[PDB]
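Asks:
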Amino acid sequence: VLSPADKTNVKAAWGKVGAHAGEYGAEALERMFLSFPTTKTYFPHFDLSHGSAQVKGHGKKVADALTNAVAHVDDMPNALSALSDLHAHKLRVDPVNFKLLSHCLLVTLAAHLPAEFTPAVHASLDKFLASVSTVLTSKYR
Amino acid sequence: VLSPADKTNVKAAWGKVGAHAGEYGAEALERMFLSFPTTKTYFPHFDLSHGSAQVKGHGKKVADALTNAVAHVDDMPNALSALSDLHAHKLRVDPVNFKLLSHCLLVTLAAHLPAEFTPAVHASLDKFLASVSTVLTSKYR
Amino acid sequence: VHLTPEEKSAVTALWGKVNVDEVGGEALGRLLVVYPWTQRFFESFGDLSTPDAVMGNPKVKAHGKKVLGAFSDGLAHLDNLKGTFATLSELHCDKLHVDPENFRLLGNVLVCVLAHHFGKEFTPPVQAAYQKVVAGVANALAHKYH
Amino acid sequence: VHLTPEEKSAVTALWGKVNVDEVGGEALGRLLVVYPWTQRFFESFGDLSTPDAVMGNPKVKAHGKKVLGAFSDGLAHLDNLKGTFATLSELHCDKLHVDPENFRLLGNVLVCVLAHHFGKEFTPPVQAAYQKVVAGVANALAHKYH
Ligand code: HEM
Ligand code: HEM
Ligand code: HEM
Ligand code: HEM
Ligand SMILES: CCCCCCCCCCCCC/C=C\[C@@H](O)[C@@H](N)COP(=O)(O)O
Ligand SMILES: O=C(O)[C@@H](COP(=O)(O)O)OP(=O)(O)O
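From first to last, the protein sequence lines are chains A, C, D and B.
Mapping to the authors' numbering: the first sequence position 59 is 59, numbers consecutive.
Mapping to the authors' numbering: the second sequence position 2 is 2, numbers consecutive.
Mapping to the authors' numbering: the third sequence position 105 is 105, numbers consecutive.
Mapping to the authors' numbering: the fourth sequence position 97 is 97, numbers consecutive.
1) In three-state DSSP terms, what is D/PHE45?
2) For the stretch 96-124 of chain B, which residues have a beta carbon sitting closer than 9 Å to at least one beta carbon of chain C?
3) Counting C-beta neighbours from all protein chains within 10 Å, is the total for C/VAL1 16 or more, i.e. buried, or is it exposed?
4) Can you tell which of C/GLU30, C/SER133, C/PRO4 and C/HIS89 has its C-alpha closest to the C-alpha of B/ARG40?
5) Does the beta carbon of residue 179 of chain A sit closer than 9 Å to a beta carbon anywhere in chain B?
6) Closest to D/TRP15 by CA distance: which of D/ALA138, D/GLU90, D/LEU75 and D/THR84 is it?
7) Once the 5 residues before and after A/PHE98 are set aside, which same chain residues still bring their CB inside 6 Å of it?
8) Using the C-alpha atoms, what's the distance from B/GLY69 back to A/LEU48?
9) Using Cβ-Cβ distances below 7 Å, what residues of the stretch 64-94 of chain A are close to chain D?
10) So which of D/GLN127, D/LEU114 and D/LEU78 has the shortest CA-CA distance to D/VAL18?
11) Could one say the Cβ of D/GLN131 lies closer than 9 Å to chain A's Cβ atoms, at least one of them?
12) Of the residues C/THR108, C/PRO114, C/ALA82 and C/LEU66, which one's Cα is nearest the Cα of C/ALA130?
13) Do we get a CB-CB distance below 9 Å when we pair D/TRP37 with the residues of chain A?
14) Between C/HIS20 and chain D, is there a C-beta pair that is closer than 9 Å?
15) Using a Cβ cut-off of 9 Å (strictly closer), state whether A/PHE36 contacts chain B.
16) My assumption, with CB atoms under 8 Å, is that B/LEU105 sits in contact with B/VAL67. Please give the rounded CB distance.
17) If you follow the alpha helix (DSSP H) that C/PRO119 is in, where does it begin and where does it stop?
18) Here's the rule I'm using: 16 or more other beta-carbon atoms within 10 Å means buried, otherwise exposed. How should B/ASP99 be labelled?
19) Rounded to the nearest angstrom, what separates B/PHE122 and D/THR12 at their Cα positions?
20) Among residues of its own chain, excluding the 5 on either side of C/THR108, which ones have a beta-carbon nearer than 6 Å to its beta-carbon?
21) What separation, rounded to the nearest whole angstrom, lies between the Cα atoms of D/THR38 and C/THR118?
22) Start and end of the alpha helix (DSSP H) containing A/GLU27?
23) What are the uninterrupted segments assigned as alpha helix (DSSP H) that are 4 or more residues long and contained completely in the stretch 13-59 of chain B, given in chain order?
24) Beta-carbon within less than 7 Å of B/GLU22's beta-carbon, same chain only, minus the 5 sequence neighbours each way: which residues are those?
25) Please tell me whether C/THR134 has its Cβ less than 9 Å away from any Cβ of chain B.
26) Would you mind telling me which residues of chain C sit closer than 8 Å to A/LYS127, beta carbon to beta carbon, in chain order?
27) Nearest by alpha-carbon distance to B/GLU6: which of B/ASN108, B/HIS63 and B/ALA129 is it?
28) How many angstroms separate the CA atom of A/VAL135 from the CA atom of B/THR87?
29) Answer with buried or exposed for C/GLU30, where buried requires no fewer than 16 other C-beta atoms within 10 angstroms of its C-beta.
30) How about A/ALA5 and A/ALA120: do their beta carbons lie closer than 9 Å?
31) Between D/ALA135 and the rest of its own chain, which residues show a CB-CB distance below 7 Å, the 5 nearest in sequence each way excluded?
32) In chain order, what residues of the same chain have a beta carbon less than 7 Å from the beta carbon of A/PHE128, not counting five sequence neighbours either side?
33) Verify the CB distance criterion: does C/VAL96 have a CB-CB separation below 9 Å to chain B?
34) If we cut at 9 Å on Cβ distances, does D/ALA142 have a partner in chain A?
35) Using the C-alpha atoms, what's the distance from A/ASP64 back to D/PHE71?
36) Any heavy atom of ligand 7 closer than 8 Å to the Cβ of C/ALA65?
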């Protein structure tokens with residue numbers, strides 16, 4: 001569960017992301033594909049080369065979903081309902097992969113938010129991404 | 001989340017386990033220690049030899065907690081509250097280990113329940129043990 | 001894999017009592033029932049909507065025999081699993097796009113199936129030997145991923 | 001998957017710019033804050049009740065420096081990680097009773113700290129090389145467990 005402190009920490013850090021959201025999402029994806037190539041098994045229909053427009057486009061979608069989750073942190077299950085339906089019934093990404101993208105998102109944030117990425121915020125963001133991952137895999141079976 | 005059918009399946013299988021719960025808990029522990037040696041790091045104070053009284057005693061405790069969870073299957077977070085506090089604040093067993101003991105419990109039940117360990121029951125018991133594990137690590141941070 | 005001579009013998013002694021075709025169908029079928037997201041690679045297999053629909057699905061059974069038949073042949077080459085599974089590794093990555101985590105889940109389902117079928121004979125030490133085997137096979141199938 | 005010559009060069013070039021004292025303290029500190037259950041091995045270190053107490057704790061900093069110091073020395077043996085960490089592996093298992101999963105969590109935290117410190121220079125390719133490095137080190141420290 002996310003404590004009041006976690007919510008405040010997440011809102012502050014993500015708020016700083018601002019117009020860079022799509023950029024950071026795309027960067028996080030690239031880091032994941034390079035660091036953990038098995039995650040590429042889910043995007044055989046994508047050009048995964050650097051600068052790929054498909055990756056950039058997907059990075060934006062992922063970032064917007066996270067923004068939506070932050071804005072509705074008190075009720076993420078309902079806010080992300082269609083998204084959890086999509087991953088459970090269609091995409092069916094193995095649950096093990098979510099921590100991989102979560103880790104890469106954290107790395108991306110650390111690389112771009114030197115002042116805001118304090119140990120407490122890092123902890124809050126890790127918990128937050130875990131919560132989002134849990135909601136997204138909640139309908140799997 | 002456990003569906004009505006999942007609960008019917010768990011109650012049927014655990015009901016057949018009956019008086020052998022403690023023995024099965026002990027067997028599950030022996031299987032875990034042998035197949036996944038790293039789990040032994042949590043029991044340096046134990047005589048982990050085959051048939052040791054400490055493993056038998058601990059197996060009984062684990063099995064009893066599972067029996068309690070089954071008896072309160074629609075209220076597990078509350079029924080396992082004290083146990084969740086204990087693992088989170090004191091024992092602090094890394095979360096990755098719960099799937100290891102759960103796997104060994106399933107193996108133990110498969111080896112002892114030839115008639116009832118059907119594919120559907122297997123599926124329901126895997127979800128049940130995952131639910132119990134989630135509850136037991138829910139207060140970790 | 002790091003099996004002791006006594007574990008390699010245990011593995012082979014038990015496997016010689018296994019009906020590979022049957023166990024293959026049972027393990028693949030249980031994988032699809034227990035972890036339903038794995039059905040994502042079998043959209044051409046037809047009805048997989050209920051446990052019986054999956055377990056008795058003739059294509060699931062046929063594929064199970066193919067999969068475990070290869071696993072079985074791999075057991076005759078425990079000292080060279082990466083080499084023996086090299087082309088199947090390349091195929092699963094480049095053509096089938098199968099997340100290697102699926103090999104690990106199948107391995108755990110296989111261990112549960114062996115315990116179910118053999119009962120008490122599937123002792124704790126015997127299980128430990130088989131856990132090393134399924135992990136080794138899974139690692140060999142994941143080796144050529146890139 | 002080991003390191004390509006280029007990846008090895010990437011690792012060493014970045015590491016030559018690392019203040020191991022600071023990165024070590026920061027890494028262990030963040031480990032105890034982000035995954036608090038890891039505090040179970042350090043009850044004699046004193047106050048670890050808040051993020052500031054953990055990061056400022058002198059024993060946490062002293063231990064972070066010791067641990068990362070050993071990690072640093074290991075980087076000179078990238079071709080024989082198991083051999084160079086063998087005694088430490090046996091020690092963490094037999095005397096310290098440290099679940100090797102802890103090595104993987106520290107690895108994750110270390111990557112985040114390197115990214116925090118280097119910013120844009122910690123590029124995706126550089127991250128990938130370091131991910132191979134921390135996995136290899138964790139695997140080496142876990143190798144002698146029994
Ligand atoms: C932080 C967790 C994640 C979030 C917030 C997330 C969010 C999303 C969103 C917003 C979409 C677009 C849906 C649409 O078209 O309307 C999507 C699609 C998808 N996601 Fe997830 N996702 C996450 C993790 C994952 C992971 C771990 C993978 C796999 C490694 C993954 C693979 C996919 C794939 C393959 C698609 C389809 C993209 C396409 O075909 O264009 N997702 N996800
Ligand atoms: C199926 C999930 C699990 C259940 C139901 C469970 C249940 C319990 C129970 C009932 C106790 C006794 C508490 C008391 O004395 O009141 C306990 C203690 C303990 N558990 Fe858990 N546990 C689970 C998983 C784990 C795992 C995965 C590990 C580590 C591999 C673990 C390690 C311990 C340790 C070391 C203790 C203390 C034993 C002692 O000092 O006597 N538990 N657990
Ligand atoms: C012990 C591990 C496994 C072995 C040894 C194995 C072996 C094989 C073999 C021999 C084939 C035929 C290759 C061909 O068509 O040329 C095959 C095909 C295939 N395998 Fe694997 N496999 C394993 C695990 C899995 C798992 C767990 C999945 C995913 C849930 C999977 C999905 C597939 C798919 C989709 C095909 C193609 C089926 C089709 O023809 O439509 N495999 N595998
Ligand atoms: C990169 C991984 C790590 C390396 C290379 C490493 C290295 C070391 C070294 C060099 C020592 C001194 C051994 C001696 O006395 O001869 C040590 C002690 C210790 N390490 Fe590790 N370690 C690592 C990760 C960890 C982690 C993640 C934990 C647990 C969260 C841990 C817990 C301990 C403990 C409790 C001690 C004993 C401290 C004391 O003397 O009070 N280590 N480690
Ligand atoms: C020669 C025999 C060929 C048949 C073998 C079948 C292999 C199955 C294909 C593996 C799928 C690659 C992953 C594709 C991406 C998906 O995650 C989503 N785009 C769509 O969801 P989703 O497609 O998962 O619903
Ligand atoms: O050093 C190595 O070649 C292997 C040892 O494993 P085995 O080949 O003995 O199974 O390391 P790993 O690929 O597991 O990281």
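For each residue, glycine too, the CB sits at the ideal point set by N, CA and C.
Replies: So, from the data block:
1) For this step, residue 45 of chain D is matched to residue 45 along the third sequence. Here D/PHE45 sits in helix by DSSP.
2) Within the stretch 96-124 of chain B, the residues whose Cβ lies closer than 9 Å to some Cβ of chain C are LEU96, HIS97, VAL98, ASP99, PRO100, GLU101, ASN102, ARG104 and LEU105, listed in chain order.
3) Taking the second sequence and counting its residues from 1, the one referred to as residue 1 of chain C is at position 1. C/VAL1 is exposed by the Cβ-count criterion.
4) Locating residue 40 of chain B in the fourth sequence gives position 40, where the first residue counts as 1. Nearest option by C-alpha distance: C/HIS89.
5) The structure shown does not extend to residue 179 of chain A, since chain A spans only 1 to 141, so no value can be given for it.
6) By one-based count along the third sequence, residue 15 of chain D stands at place 15. The candidate whose alpha carbon is nearest that of D/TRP15 is D/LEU75.
7) Translated into positions along the first sequence, residue 98 of chain A becomes position 98. Excluding sequence neighbours, A/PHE98 sits near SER133.
8) The residue you call residue 48 of chain A lines up with position 48 of the first sequence. The residue you call residue 69 of chain B lines up with position 69 of the fourth sequence. Rounded to the nearest angstrom, the two C-alpha atoms are 37 Å apart.
9) So the close ones are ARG92 and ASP94.
10) Within the third sequence, the letter at position 18 stands for residue 18 of chain D. Closest option to D/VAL18, Cα to Cα, is D/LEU114.
11) Walking along the third sequence from the start, residue 131 of chain D turns up at place 131. It does not: the Cβ of D/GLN131 has no partner Cβ on chain A nearer than 9 Å.
12) The sequence position of residue 130 of chain C within the second sequence is 130, counting from 1. Taking only the C-alpha atoms, the option nearest C/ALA130 is C/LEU66.
13) As a first step, residue 37 of chain D must be located in the third sequence, where it is residue number 37. For D/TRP37, the answer is yes, since a Cβ of chain A falls inside 9 Å of its Cβ.
14) To locate residue 20 of chain C, count along the second sequence from 1; it is residue 20. By the rule that beta-carbons nearer than 9 Å mark a contact, C/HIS20 does not touch chain D.
15) In the first sequence, counting from the first residue as 1, residue 36 of chain A sits at position 36. Put simply, the CB of A/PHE36 is near chain B, with a gap under 9 Å to one of its CB atoms.
16) Along the fourth sequence, one-based indexing puts residue 105 of chain B at 105. Along the fourth sequence, one-based indexing puts residue 67 of chain B at 67. A Cβ-Cβ separation of about 13 Å leaves B/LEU105 out of contact with B/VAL67 under the 8 Å criterion.
17) To locate residue 119 of chain C, count along the second sequence from 1; it is residue 119. It spans 119-137 - the alpha helix (DSSP H) in which C/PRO119 sits, taken as one unbroken run.
18) Within the fourth sequence, the letter at position 99 stands for residue 99 of chain B. By the 16-neighbour rule on beta-carbons within 10 angstroms, B/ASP99 is buried.
19) To locate residue 122 of chain B, count along the fourth sequence from 1; it is residue 122. To locate residue 12 of chain D, count along the third sequence from 1; it is residue 12. Computed Cα separation, rounded: 49 Å.
20) Position 108 of the second sequence holds residue 108 of chain C. Contacts found: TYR24, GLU27 and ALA28.
21) As a working mapping, residue 38 of chain D is identified with position 38 in the third sequence. As a working mapping, residue 118 of chain C is identified with position 118 in the second sequence. C-alpha separation (whole angstroms): 19 Å.
22) Within the first sequence, the letter at position 27 stands for residue 27 of chain A. Residues 21-35.
23) Counting whole runs of 4 or more residues, the stretch 13-59 of chain B contains the alpha helix (DSSP H) stretches 20-34 and 51-56.
24) Counting from one through the fourth sequence, the residue named residue 22 of chain B turns up at place 22. Cβ within range, chain order: n/a, list empty.
25) Within the second sequence, numbered from 1, the residue matching residue 134 of chain C stands at position 134. Not an interface residue.
26) As a position in the first sequence, residue 127 of chain A is number 127, starting the count at 1. What A/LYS127 touches in chain C: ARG141.
27) Within the fourth sequence, numbered from 1, the residue matching residue 6 of chain B stands at position 6. Checked all of B/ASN108, B/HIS63 and B/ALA129; the closest Cα to B/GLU6 is B/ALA129.
28) In the first sequence, the residue the question calls residue 135 of chain A occupies position 135. In the fourth sequence, the residue the question calls residue 87 of chain B occupies position 87. Approximately 42 Å between the Cα atoms of the pair.
29) Working through the second sequence from its first residue, we reach residue 30 of chain C at position 30. Buried, since its Cβ has 16 or more Cβ neighbours within 10 Å.
30) As a working note, residue 5 of chain A is residue 5 in the first sequence. As a working note, residue 120 of chain A is residue 120 in the first sequence. Result yes, Cβ atoms of A/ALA5 and A/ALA120 sit closer than 9 Å.
31) As a position in the third sequence, residue 135 of chain D is number 135, starting the count at 1. Cβ within range, chain order: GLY107.
32) Indexing the first sequence from 1 puts residue 128 of chain A at position 128. For A/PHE128, the CB contacts under 7 Å within the same chain, skipping 5 residues up- and downstream, are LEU2, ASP6 and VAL10 in chain order.
33) Residue mapping note: residue 96 of chain C aligns to position 96 of the second sequence, counting from 1. Output row for C/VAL96: interface = yes.
34) Translated into positions along the third sequence, residue 142 of chain D becomes position 142. At least one beta carbon of chain A lies nearer than 9 Å to the beta carbon of D/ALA142.
35) Position 71 of the third sequence, counted from the start, is the residue given in the question as residue 71 of chain D. Position 64 of the first sequence, counted from the start, is the residue given in the question as residue 64 of chain A. Between the alpha carbons of D/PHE71 and A/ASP64 lies a distance of about 44 Å.
36) Absence of ligand 7 is noted for the structure shown, with ligand 1, ligand 2, ligand 3, ligand 4, ligand 5 and ligand 6 being the only ligands found.
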